[PDB]
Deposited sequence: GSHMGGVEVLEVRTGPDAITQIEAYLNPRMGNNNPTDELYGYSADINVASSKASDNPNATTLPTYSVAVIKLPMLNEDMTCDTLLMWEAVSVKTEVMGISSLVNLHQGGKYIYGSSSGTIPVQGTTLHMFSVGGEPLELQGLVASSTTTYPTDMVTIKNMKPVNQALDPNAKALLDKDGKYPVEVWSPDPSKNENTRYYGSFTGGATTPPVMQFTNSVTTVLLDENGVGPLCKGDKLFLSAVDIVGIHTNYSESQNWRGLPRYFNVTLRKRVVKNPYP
């Protein structure tokens, strides 16, 4: 598609908003531990590593249908162009809680250890599914068959196998420990991520309605919405909650999106 100029005039700009609930493993709102993974089940060896589906955080994705622009035989066409986004991790202050059941900070007269350890934040806004690259800590891990993982794994999958690719086309199915955004593709998606590891690391997060991320690339062009669909993807692992027994559950939070879009002219292909 040849990309032409921005369409001006009345009714040229639109806004959508949405939220994506976390998919930590307990992904059904009636689950007792909704917004958490099930207790982590650990490998006994290199050869034997069978994590349960409910213990693996996956990416969230939502597809937003935008107003229909083209009533298809005119020489040029219009596509929604995502220009900017306000995005927010909601319920951050829910972590400010030392009375929840858990492992004591000191002895049994103290509060309990709050959610801490590894965090992973990502959001993306694109005009099509986020393109993913496969890479795992162990190629001998047996992943649940009901999830989308790398077929026919080999030790090369512990690094870069150019054959290990996927589309983020299903909510709560693509494990974060298997897939990450592919920087060799994604010409029509903007993604932003941050990771801090460790076992007990204090999580750090901001929240404000004062910040906007601009989605335009170096040519001034934002993601272009193929078939008038807008793809929003996220993961927000905010750490690990430890139970009194010392079993552990990933904790995730929902993410809000507010995207501003405008009409962009393209040449009809």
What ranges of the deposited sequence, counted from 1, have no C-alpha atoms in this structure?
1 to 6, 78, 277 to 278
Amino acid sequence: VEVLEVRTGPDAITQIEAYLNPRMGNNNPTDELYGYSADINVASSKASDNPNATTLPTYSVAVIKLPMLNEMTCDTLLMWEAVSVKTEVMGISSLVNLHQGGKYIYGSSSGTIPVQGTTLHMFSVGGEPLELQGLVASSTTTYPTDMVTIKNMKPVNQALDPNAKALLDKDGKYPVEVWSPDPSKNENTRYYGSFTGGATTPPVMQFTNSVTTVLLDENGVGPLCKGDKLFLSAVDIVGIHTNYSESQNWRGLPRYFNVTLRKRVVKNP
From here on, numbers count along this sequence of modelled residues.
Between us, would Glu71 come up missing in a third or more of the other compared entries?
yes
73 to 81 versus 126 to 134: which one carries the higher mean Cα B factor per the record?
73 to 81
Which is higher on average in the deposited entry, the C-alpha temperature factors of 11 to 19 or of 247 to 255?
11 to 19
Just grab whichever of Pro181, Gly198, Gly91, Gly107 has the top CA B-factor as deposited.
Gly107
Top residue by Cα temperature factor, when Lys151, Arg190, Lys86, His121 are compared in the entry:
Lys151
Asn27 by Cα B-factor - lowest, middle or highest third of the modelled chain
highest
Consider only the C-alpha atoms of the modelled residues in this chain, order them by B-factor as the entry records it, and name the third containing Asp236: lowest, middle or highest.
lowest
Would you check the entry's CA temperature factor for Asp169 and let me know if it's in the chain's lowest, middle or highest third?
middle
Would you mind checking where the Cα B-factor of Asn209 ranks among the modelled residues of its chain, as the lowest, middle or highest third?
lowest
Ranked against its chain, the third holding the CA B-factor of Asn97
middle
